[PDB]
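Numbering (PDB author numbering), first residue to last: 131 to 252, 254 to 257.
See the structure below:
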């Protein structure tokens, strides 16, 4: 087994906040985790946080979840909910600073959409 990723793919890092322990609240987040755990979290996060939009993407044999929330949350709050579900699988949760650029990159090589909550993906959300 290859070592689990320690961060998001290098292509995406500019779009993220790396201050994961901040008290700052945000309304856009991304999670890097296994294919199995991302599939589960897609449904769980959709309901828990009443997402405006959520999408799940292929990323280097893992998955990335991307979502927008109608209320603001600390990144650590999302992490707390998600690590509990991911159990013994790697999981990286970060806030997204550049919402449109992040989502756009996740829809194009080397990434691709697996499923998302709005048809035609987004476009009124950006």
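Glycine is no exception: its CB is placed at the ideal position from the N, C-alpha and C atoms.
Considering Cα atoms alone, identify which of the options is closest to residue i.
i: residue 233; options: 177, 194, 153 and 134; result: 194
i: residue 225; options: 196, 252, 185 and 169; result: 196
i: residue 139; options: 251, 252, 236 and 257; result: 236
i: residue 175; options: 252, 251 and 207; result: 207
Just list the residues that DSSP pairs residue i with in beta bridges.
i: residue 152; result: Beta-bridge pairing links residue 152 to no other residue.
i: residue 245; result: 186
i: residue 223; result: 161
i: residue 146; result: 226
Taking just the CA atoms, how far does residue j sit from residue i?
i: residue 133; j: residue 219; result: 12 Å
i: residue 203; j: residue 183; result: 15 Å
i: residue 187; j: residue 213; result: 19 Å
i: residue 167; j: residue 216; result: 6 Å
i: residue 211; j: residue 153; result: 16 Å
i: residue 189; j: residue 240; result: 7 Å
i: residue 156; j: residue 141; result: 21 Å
i: residue 177; j: residue 255; result: 21 Å
i: residue 201; j: residue 179; result: 8 Å
i: residue 148; j: residue 249; result: 30 Å
i: residue 131; j: residue 137; result: 17 Å
i: residue 185; j: residue 246; result: 4 Å
i: residue 257; j: residue 160; result: 16 Å
i: residue 192; j: residue 238; result: 15 Å
Throw me the rounded Cβ distance for the residue i and residue j pair, which I believe falls under 8 Å.
i: residue 223; j: residue 243; result: In fact, because the Cβ distance is near 20 Å, the residues do not count as touching under 8 Å.
i: residue 229; j: residue 151; result: Actually they are not in contact, since the Cβ atoms of residue 229 and residue 151 sit about 21 Å apart, beyond 8 Å.
i: residue 199; j: residue 181; result: 6 Å
i: residue 253; j: residue 162; result: For residue 253, nothing is modelled; it lies in the interval where the chain passes from 252 to 254 with no residues in between.
i: residue 145; j: residue 209; result: About 18 Å separates the two Cβ atoms, so there is no contact after all.
Kindly indicate if chain D contains any beta-carbon less than 7 Å away from that of residue i.
i: residue 154; result: The structure shown contains no chain D; it holds only a single protein chain.
(message) What ranges does the beta strand (DSSP E) occupy inside the stretch 167-206, keeping only unbroken runs of at least 3 residues that lie completely in it?
(response) 183-189 and 192-204
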